[PDB]
Every structure is written in C-alpha cells, then in structure tokens.
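> no sequence on hand, only this structure:
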RNA sequence: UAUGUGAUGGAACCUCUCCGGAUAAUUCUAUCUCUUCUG
Ligand SMILES: [Zn+2]
Ligand SMILES: [Zn+2]
Ligand SMILES: [Zn+2]
C-alpha cells in the first residue's frame, strides 16, 4: 500500500463505512483490513472511580476548540485545575511555579571508583520501546496505572553472557542496534546534599522518609532497569534546620496526620506499592519476557505473547495479574 | 513594501505550523545573522535521531510557499534583492527584514511584550530677546591651549539613538563607524566640573540675562571636537533583560527588552581647545582630567549596570600666546589645518576626591555553570539547544562571563527578601530598597560591572529527557542539550568583578549590601540557570563530612498505619514478570496558594523552615550511567559520566527517582503524561456481523463531502505466469 | 451596584480573587491582566472548558466599561482620595482608553479599503466612527482631569500642563465636543498661555 | 538662498527603573502485514 501524501484527493480509492446515524460517514480506511484507530483521546481514558490524575497544567486542545480559545486570546484562564496544585507539583514546581528543593551532584571520595567486569565493557542485549497496546487490548480498556520495576539478580547472567567467546552460540552479537557501556561495582558510596527553602514540616518529613526508606526496600536507577541494574539505597545523615528549632517527633506526627488525611484509612494501593519496592537478593529467582512465538517441539515452556493471550490471560482479564505485584506466568520446564 | 510583504508571508507560515511563540525570537535571530556574516554561514540541523539520520530543525526547516527549506528561501530572497537593488548589502537587508518582522509580531502577536513607557518628558524650546542694553566689557582672551588624548573603552558602552517616528540602537555614522557625540562629552565634562565646584546650576534654558557663574563662565570658552571610532566599524551585539515576579519566581507577562551594546576596546580620539586670559589651566579642569585618567567615571547611558567606563591616555598640551606669537599660531591655524610639530607633556599628578568607591569581589563556583542564550543557540552549527553567553575584546576569542545585570538582580532580590520589601509599593517610598537601587522617579547609587571568568574554561555536552509515568521511556524524540562550563570542588571556577558605590550612601544601606554579599558568598543563591539541578552552586563541598554511618531519625510508616504489607513467600518454580502496574488512588488533595518566594518567613497559616540535608548513596547492584560521547561508528562504546575525568552522578536522576516515588506515595497527579495520543489497534478478519464496511469511491472535483458508492469486482495484473495448460498441469508433481 | 463588583475599591486597583466566580472569560482575563492581584501568595486556578456562546473574540466593550466606571468613580468620590490615588486612577483610565482608541482606529483603517469597493456603503462603519468619536471625547475628559491637578514645580507653569492641555484641546476638537472644548479653553486662558491663533479664538469656542 | 551700525544655541547626557528565569531520570518488549475462492 502506497500511502497518500496528505489530505483526501478527489478521486482516491478507499473503503468507507456508513451506518444509519444522520446519513454521514464516520471513518476512512485505505483497505479492507487496516488500522481501525480509536475515537476519544488517552487523556479521558482513566477509570471513572478514580480522582483526577491529569496534570495540574493542562492542554485545551482535547477538542479542536483550542483554536476558538486561542483566537479569542483567553488562553491563560482555561489552564490549571479549578482546585489548584497537587502536592507533587507544589513541592517540585511546575512551569509557572518554581520548585522549593534542589538536588546537587554526587561525588566520590577517590578519583577512580571500582568498575564491574574488571573494567571491561558490557555488551547489553537489544532494548526496544515499550508498546502501549498490550495492557489496553480493546477500545473500552482503561489506563491501568503507573509502571514500576521489581528487583532481582539478573545482571549476573548478562555479565556472564558477555565476555564470552564468539564461537559459543550463547554469546551476544555486536550489531549496530546494541550498545556497550561501563558499570560500577556494588557497595560504592557517593555523597551529595539537598538544599530546600520555605517548606512546611509535613513536606520535610515526607521528603526525609522518601529519601530514607526502611532498610528492607531500595531504589532503582540507571539504564537497564529491567535487567536488574541500578538497585541503590540512600542514607540520611543530618538535617540542618538553621536557627529555627526542629525536632523529629513533630515531623513524624505531621507526616502521620497528613497521610491519614490523604489516604483516609486505605491500604490496598500502599500495600501494592510497598510490595514492588522489596529488595529480592535471591539468586534462584528468574524474571524474563515471554519471547513471542514459541517454536520447536517438546514443551518449550508455555510462554509466548500470542500463546499467553489464548488460555490463561485473555483480553478481558489482562487488566489483572498485571496490577497484582509479584505474579508469574509460567513454570520452569 | 517588499519587506512588509515578506514579513507578512513569514508570519503566515509560523501561524500555520502553530509556532507563533517564536516570532520575536526569529526577529532577533535575523539581526544575529546580520552580525554573523553570510560568506561562512552554515545553519544548524536536527538532533540526529536513530543511529545517524539527522532530523528536522524546528524553525529552519519550515515549509514556506512549497519551499520546504527556509535556509535556502532566505538566500534566494537575498540574491533577488541584491540583483534588483544597487548599493545593497547583507547588513541592510537583515536590518530591514528584522524591523519588519518586529512590527508583524507586535501586530499579530499581542501579550508578548509590556507599556507605561512615556513619562516626564514633553519637549521644550524657549527663546527671548533682551529688553536692556547688555553694555560693554574690557576683558578678552590672551591664550589658547590645545590638548591631545585618547579614550579607550574598558567596559561595553551604549549611546542611545532615537527618532520621533530595534526600538533603541547604538548611534553610528552612515559609513558604519561608531560615533561619540560632542554633546555627551560636554555634558559629562560640565557635570564633573559642577561636582568639583559644588554647584546646582540648571541653566534654566533661555532667561532674561546670561546665567554667569563659574559653570557657565568656563564652558563658554571650551571647544570640543567630535570623535569617531578609529579602529572599529563592525555591527554591535544584542543584550537581553527580563523582570521576574517575586511571588512565583518566574518572568512577568511581558518582561523582555533589547538593547544594542558596543564592544570593549574602541579608541576614541580626544580634542580640547581652551581660549582664556590665564597663563595656567584652571584647577577644576586639572581635577576632572585626573578623575578621567583613572577611569572612575561613567560616560555612556546605561550606567546602572556598569557601562561606559573610559580611560584617558597619552596626554599632551601646548600653550599659544596671541600677543607675541601670532605668526607661530597662524602658521598652523590653531593645529586644525596642519598637525602641530612639537608637543609639551603635562603632569596632572593625582587626585582622590572622586565620589565613587571601588570594591573588588571574588566568588568561586563549585559546580557546572550554565546560562541560556536562546537567540545565539539558533546560529551555532554545533546544534546545541542551549549555549553560554560570550563577549568580544578588541585587544586579544570568546570570553565566558555572568552579566552584571544578573548580579544586580540577585543583590536586589536578596535585600528585598531579607527586609521583606519586595511587595511594597515604591511610589514615594524612600526605603532601603528605593535608596540603594532607586525607583522610577529617582536614580541609583550603585554600579555593578560584569563578572569575567578567569582561566581556561571548557565546555561539556549534557543530555536530558522526559520519562512518561504511564509507560517508562522517553515520551518523545526531543532530547535536550546544553554546554555548561565544567566545575568541580577540587577545580573551582573563579569569578572576578568590580562594584562601585556612592560616597553619599548612608551606613544602613552599606550594611544591607554587606549582608547581601555575605549571603551570596555563603551560597543562598545559585549563579545562572538550572539552579535546582545542581548547576552553579557556591560553597559546595559534599565530602567535608566523613560520610554517613548507619542512619538517624528512623521510623517505620507501615507499622504505624497497620499495613499488612503482604510479606508472603516467593516460589522458585515460577517465572515472574519484570514489571507491573500500580493502580491509582481515590482522593487527590489540591491547594490554590502555595508558599510565596518574596518573603523569607511569613507564617500566615503554618510555620516554614529552610536549610539543607546531607545524604549518601551506595549501589546494591551494578549501576549504568552512559556518557554523552562514544568511541566507534557501528557499535558505539560508552564510558561512565565524568566531569573532566572525575566520575559523578547528575542530580537530575535523583530528582526524577524521588519525584516519581513521591507521586507513588502521596497519590498526586501524573506530572509527565502524553495526554494527546490516540491508539490504533487492528481489525480481526472475522468475529453479530463480523464486517459491514460498504464499498464507495471518491467522486470528481466537487465538494469533498460527496462520495459515490460502488460495487466490488475482481481484477488481474497480480499473477505469476501465463502459458498453456500443459505448463499448468506440470506445476504440480513436486513431491508428496 | 449593577457593576462587575470585582475591584476591591476604585482608588486601589486590586482584586481579592473571586474573579473566577463569574462566567465570562473575557471579563476574567481583563480583570486579571490589567490589575494587581493582591494577596501575598501566588494564585493558581482556572475555569472549565467546553463553554458555549463563544468568547465574543474581543475586549473593547469590557475596556470601555472599565474606563467609564473609573471616570464615574473619580467624578463622584474624587475629593476624599489623596494625590497618588487620583494620579494612579487617571493614568490607568488614560491607558485603557488609549488602547481602545488605537484598536478602533486600526479596525477603521483596515475596513476603509474594503468598504471603498462596496460602492459607498453607509453601514455600521458610521457606528464605528461614532464610537471612535466617543472614545476621543472620553480621552479628552481624562486628559483635562489629569491636567487640572498637575503640581506646579518651579516659578513658571510646568510644560506637562501645557502639553496635556494641548492634547485635550486636540482630542475635543476632533471629537466635535463643545462643552469640553469650552472647559479646555477656560483652563488655557487661566494659564496665561497664548499659543492659540485668531482661528482658535476663545470667543468662538 | 541671505540683507548690513547688535546671533553666549559649544546655551541641553535619551537619561531613569527590570536575575534569559521556570518544568523534564538519555531512557526502553509485543508483533507486524490483508484478500482467500465454491472446497
Ligand atoms: Zn500536579
Ligand atoms: Zn550657571
Ligand atoms: Zn521602597
């Protein structure tokens, strides 16, 4: 199919669709089987039983009335939510506002920290852009939520697969679509500071708790999060409140009051969030991708994206087992 | 008229693409092109997405009248204009196209600029004939003095040129040479002599009788020649200024100004001719010359931002007597017909009476420094989205610096925050802020010079991206670029500058200035932009504290809120998904009035605290942070992020992780979200009707709404081969 | 009040929020972009999209109403205010009227060429000219009121008063106003200035 | 292209007021593609 350069020409041959309606045509398709496309926009695909999660700074162009407003010139009055700014946009700042916290650079005590793989380069496998049309199968599907990565020990397999003789079929090819990078060994320390001004005590307490989580959990950083790289932990050493007095008890009580006011004794979402931050150090836990189109004879696992959508997941239910953290799809053969 | 039509056409293309927010930027960019010269012109290109394929620039690759490339359309228009009109050059074409586009912007794009501009002017011209006989006198000239000299600009200057009907431009001769008018020199000289003699003369325009008095008695016998730039004729540079909003910390609605500024090092010849009945120079003239030789006074317009400082060098003079040396004088006609042969040297030893005080300031920066130059970023072939400001010196190469306007703004903001005077009305106020810096109906008592970086600074490429919250990864191809100057705690950046204050300033203002300078040195205010990302931090020594051992102030949120936490147990015989999705909450708490920025502490509803937090980061698993440079052509090898061979972690990554976890906890909105996107999906071949699409075809060149139906048939021209039936019967019998 | 009821007080051009309670977006935009927001903390709020009846695509009636309200307030309660308040109110009214007059003059200039091909079409163009004349008369009123209170610095009459009186006279003469022209002439006579010629005689005015 | 017993216009600084600022982790897995001929 040679696509038309632009617009509709008087004489183009395409396929149309007509219903009763008001005797009009609603869509244009080049061939009999093609992209059906979607009416409506992703902005209003959020569930109806959830508070407004759209950005506090919005875009009017959800309809093409962006033109009527723009020509009218009233563009600074139809932006922002009628209620105001969320806690995240207030603390970190938006385009019109300014953030009240600043993060500095992190340095090392010595000039040369230890590097993994004895200083050699690591040949990572192919990484491709996520496809949004997997958790949203049908035209009536809703947005599942934010995406988070789990912790594991899969970097050992990547390192072992690299630094291997090219004769072995298990080696990683040095194609143009790959990328070779360096890494820093574990247990290497970096030091930095965070500067803040004009913060309420509950904001300060929440920020301190976010920076310093419980010892069980850890944060994630850097390239190749899906492969297990970048699990880091941040420690808080001292708070400089200046001339004004400050005690940790008031910070804890204020954070408790704010969290109680916000969540109002709801624990499902928080439990799911805290399950995703668990640091799994077991070397016997394997996480991979289904590897679409399972082939060959024998069991060869039950994986495969097309195969997985036929028996246990199904289009109606794939908005489930994905919002439940730490769930597997297939057993070890 | 051709320029107006071209401007209108260009304004149409931008409007059509939906890019009306860059018309003023292009209006300044065309004058930057004027300065940049045409012979070696090479406009930038795209960001080179994918592996090696360049992309399309967001301004230079706009389709205009079927000419996709603006870079060639502009050249073709210039060639056509040069062919049509004689005595035509690149500079005039660019100037005409610039003003025209500025007019189109002011016309079609409102709210992009400020305008209470006309106040306290009104032109006045008075004349009056005498009513009484003036009389007769008996004192006349008996001596003549010719004084040589040169004026060298040690700081960029600015002389305003304005007509009744590029708002402001530096005045220059029709041949391009920079010009220093004699009116400015006479005014400066009379102001200095009035300061020396402590007078308050105004000259009252035309009065009944001549004013007399020493100020009008000495300028009546002084002749000054007009001067021109001896070694400089190039077009000047453009400087930009903004006005911030103290409450929000951002620019105002229409705060943006432009002003052409001359270079540094232009030599202006000096000529003075004094004819009076005295055998020695007046003391006031010698005092003024002593003041000028040290460069302690300002000569140009924008003196509030430290501009127009000139130094006088190579002073020499000769005295002529018209009573006995008339022939010697008439031989050279006073030194204007023929240059004088023998010159005598003048001492003019010293003077320490000038009313300004110079204090040097040195500030060391311990982080990368960046300042944005949007107009210059569109003419550099390197293609970077942001680049640092540079100037030119006629003595010696680009010099990186921080403009003195930014330093003045920082000082004013610091003083206002300290004394809570950033919101009070300043009409008839006379407070500390209205005294140090002045208000509209007053002037200032401080002159702030530019801060020149000392050493050999180096630039670096820094990359940034926006990671969507729904699907992890870049929300668009739009990578961001910058060229900061590399700075580390061990290898700091040193800034040097001069601040001039008036001798008549009271002690309280001096103490306030000292406190503001102390706060600046301590590091309450970063230099340049991107201050929240760790760029340009003063007094930053994160390694002073000997690391953080264990943790202090530890509490568990899950235990206090009775979270089950679903401890559970993992199984070895299952393969888990690498990523999951977190369901949204129910309640989002929004507020209308965030805390202000103009007050250091104002507890209208709750207490506020300000300080800093010391942290430490360690890696449980190997970490990968790529650099901006690669070694290879096909398989690009990467190295770890470093600042001149020193490994470090940018603050943007930590900001992003902390922010994302923050929306995870507090159930805030999705700050980065591609809300303008529609999915496609596919139609299944069969499925209560599986398919119901009718067959129709587009009609002739009638109204586009009409469309005629059709019936589907079969067609040939997609086959394999044509032959007799024997070949068809032989097609089989392969095997099986 | 039968007015907008958004301004806190005529002599202090501030708005204590509450502007968004109205439905007209043009009124909100005008009250926000040309007045002090008051308060001590930034205000971040907006209206709801998908509003019908369009936006009327112009601001001239609202600006004219603001100018008329400011002049009426100055006429009624101008004695109690201090000098700074009078100066501020007069300057703001002059700026708004000048913007309206410039917009109307530009619109008339562009419409003149188009109506030239309409075979001498007497239509709403006449009403636009009448509106321009009314705006000119209001500008003359504002200029005269501003000139009447200029502080006399120095022994002689300041130039500012002379230029203000000349501008007021020009506006009144161009607007075909008789009472305002007479008032301007009376003010000029008391200033001892004699720039007027025999054609612009005080007796004829 | 002046009109003559009378010209301090070298007799006047386009001056004054305004942080090119704000927001963004150089990151990453599900297909793609429509005409098949009674089977
Ligand atoms: Zn928000
Ligand atoms: Zn005098
Ligand atoms: Zn003040």
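Looks like it came in fine. Residues are numbered from 1 along each chain as shown, chains lettered A, B, ... in the order given. Ligands and ions are numbered 1, 2, ... in the order given.

> alpha carbons only for contacts and neighbour counts from here, please
Will do.

> now the strands: where do they sit in the stretch 51-200 of chain B?
For the stretch 51-200 of chain B, applying DSSP state E, counting those that start in this stretch gives strands covering B:143-153, B:160-161, B:169-170, B:179-180.

> residue A:267: which of the ones you listed is closest?
Closest to residue A:267 of the strands of the stretch 51-200 of chain B, according to CA to CA: strand B:169-170, at 65.8 Å.

> wait, does the closest one contact RNA strand D?
No. Using CA under 7 Å from any atom of the strand, strand B:169-170 stays clear of RNA strand D, coming no nearer than 8.9 Å.

> residue A:227 is in contact with residue A:157, isn't it?
No. Taking CA atoms under 8 Å as the definition, residue A:227 is not a contact partner of residue A:157, at 9.3 Å.

> looking at those two, which one has more neighbours?
Using other CA atoms under 10 Å in any protein chain shown as the criterion, residue A:227 and residue A:157 rank with residue A:227 on top: 22 against 10.

> for residue B:623, see how far away the more buried one is.
For residue A:227, the distance to residue B:623 (CA to CA, to the nearest Å) stands at 11 Å.

> equivalent analysis for residue A:240, please.
30 Å.

> next: residue B:116.
In terms of CA to CA, residue B:116 sits 57 Å off from residue B:623.

> buried residues in the longest helix along chain B?
In chain B, assigned by DSSP state H, the helix with the most residues is helix B:90-108. The neighbour-count check on helix B:90-108 (16 or more other CA atoms under 10 Å in any protein chain shown) flags B:90-91, B:93-105 as buried.

> same deal with stretch A:33-47?
Applying 16+ other CA under 10 Å to stretch A:33-47 flags A:36, A:42, A:43, A:46 as buried.

> list the contacts for the residue in chain C that ligand 1 sits nearest to?
Nearest residue of chain C to ligand 1: residue C:44, at 11.6 Å (CA to the ion). By CA atoms under 8 Å, 6 or more residues apart in numbering or on different chains, the contact list for residue C:44 reads A:80, A:81, A:84, A:85, B:592, B:593.

> what about the second one, how many residues close to it?
In other words, residue A:81. Using other CA under 10 Å, residue A:81 is surrounded by 22 other residues.

> for the first one, same thing?
Neighbours of residue A:80 under the rule other CA under 10 Å: 19.

> any idea which helix or strand carries it?
For residue A:80, there is no enclosing helix or strand under DSSP states H and E.

> verify the stated contact: it with residue A:54.
No. Using CA under 8 Å, residue A:80 is not in contact with residue A:54, being 10.4 Å away.

> so what touches stretch B:515-525?
With CA under 8 Å, 6+ apart, stretch B:515-525 has contacts from B:363, B:410, B:411, B:414, B:415, B:537, B:538, B:539.

> narrow those to those in strands?
Among the contacts of stretch B:515-525, the residues falling in strands (DSSP state E) are residue B:363.

> ok, and the most crowded of the contacts of stretch B:515-525?
Neighbour counts for the contacts of stretch B:515-525, by other CA under 10 Å, peak at residue B:537, which reaches 26 neighbours.

> for chain C, which segments count as strands?
Going by DSSP E, chain C shows no strands.

> point to the residue nearest the middle of it.
When CA atoms, centre = their mean is applied to chain C, the residue found nearest the centroid is residue C:97 (2.9 Å).

> hang on, isn't it packed against residue C:67?
Yes. Checked against CA under 8 Å, the pair residue C:97 and residue C:67 is within contact range at 6.5 Å.

> in JSON lines: the contacts of stretch B:515-525, plus distance to residue C:23.
Formatted as JSON lines, the contacts of stretch B:515-525 follow (distance: CA to CA, whole Å):
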{"residue": "B:363", "distance to residue C:23": "53"}
{"residue": "B:410", "distance to residue C:23": "41"}
{"residue": "B:411", "distance to residue C:23": "43"}
{"residue": "B:414", "distance to residue C:23": "40"}
{"residue": "B:415", "distance to residue C:23": "41"}
{"residue": "B:537", "distance to residue C:23": "47"}
{"residue": "B:538", "distance to residue C:23": "49"}
{"residue": "B:539", "distance to residue C:23": "52"}
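
> could you report the neighbour count for residue 249?
I went with chain A, as the question did not name one. So residue A:249, with other CA under 10 Å, has 11 neighbours.

> hm, I was asking about chain B
There are 16 residues near residue B:249, going by other CA under 10 Å.

> mind listing what it touches?
A:97, A:98, B:597.

> ok, residue A:333 next?
A:299, A:300, A:301.

> drop anything exposed from these.
If we count by 16+ other CA under 10 Å, those have nothing buried.

> so can I have a markdown table of those residues showing secondary structure and distance to residue B:261?
Listed next are the contacts of residue A:333 as a markdown table, based on DSSP: H, G, I helix; E, B strand; the rest coil; distance: CA to CA, whole Å:
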| residue | secondary structure | distance to residue B:261 |
| --- | --- | --- |
| A:299 | coil | 78 |
| A:300 | coil | 75 |
| A:301 | coil | 73 |
